[PDB]
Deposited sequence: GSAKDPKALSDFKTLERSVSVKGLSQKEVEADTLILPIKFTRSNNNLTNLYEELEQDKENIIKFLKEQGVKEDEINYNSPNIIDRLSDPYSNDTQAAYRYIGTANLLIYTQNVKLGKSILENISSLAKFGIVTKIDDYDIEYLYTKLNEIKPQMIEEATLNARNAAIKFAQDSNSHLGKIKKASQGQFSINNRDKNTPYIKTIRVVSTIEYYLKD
């Protein structure tokens, strides 16, 4: 004959949420034969970048700044060699950390405007972070939802044989909407 029967159902919980944290590092660099002048040009770059960031809606207290990293190459432009350069190169980093995640898009689209001033910015897309830092806080209720959805398909009637739960996934909604995240989990329940 047959020795047992069971039914398995996958329940789905899916939610779009708004990222609550944007981390946006803006690197900029200068070279100079004179180190004091290198620092003066980086400081003017810094002031100009901050003024641009505030025009874009960033507040002072969202902008962090570590000491610039200077490299002494021991070079001189007077030297007639194929690799002559300025003695010093320095790189600085204005690190934006803000809950105002919807600003990122306009900062990135407009930061090219600072070429005016001779500013050379580098923004690495790999290091721009849009995070939903409440991710772990929300998982319990979405697991419960997915498990309840599974139970209701199963009703739609013995005990449970095996229950399991995938890992959560978290994806950008759109290519052009990185501040909205789509969170998903699937709970698999098997009943007799």
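So which bits of the deposited sequence did not make it into the model? No C-alpha coordinates exist for 1-12, 169-176, 213-215.
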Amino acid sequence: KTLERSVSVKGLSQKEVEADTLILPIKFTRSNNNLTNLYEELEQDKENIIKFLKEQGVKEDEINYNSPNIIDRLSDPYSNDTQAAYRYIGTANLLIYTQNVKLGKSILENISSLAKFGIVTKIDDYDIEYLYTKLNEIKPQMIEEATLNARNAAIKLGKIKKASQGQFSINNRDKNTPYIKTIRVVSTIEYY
From here on, numbers count along this sequence of modelled residues.
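Can you tell me whether 170-178 has a higher mean C-alpha B factor than 21-29 in this record, or the other way round? Stretch with the greater average CA B-factor: 170-178.
Comparing 66-74 with 157-165, which stretch shows the greater average C-alpha B-factor in the deposited entry? According to the PDB entry, the answer is 157-165.
Per the PDB entry, which option out of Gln99, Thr91, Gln83, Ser106 has the greatest Cα B factor? Answer for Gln99, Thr91, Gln83, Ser106: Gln83, with the highest C-alpha B-factor.
Relative to the other modelled residues of the same chain, rank the CA B-factor of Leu3 and answer lowest, middle or highest third. Highest third.
Considering every modelled residue of the chain and its Cα B-factor in the PDB entry, is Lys51 in the lowest, middle or highest third? As the PDB entry reports it, the C-alpha B-factor of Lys51 lands in the middle third of its chain.
Lowest, middle or highest third - CA B-factor, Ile123: For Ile123, whose C-alpha B-factor we compare with every modelled residue in the chain, the answer is the highest third.
If you rank the chain by CA B-factor, which third does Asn152 end up in: lowest, middle or highest? Top third by C-alpha B-factor.
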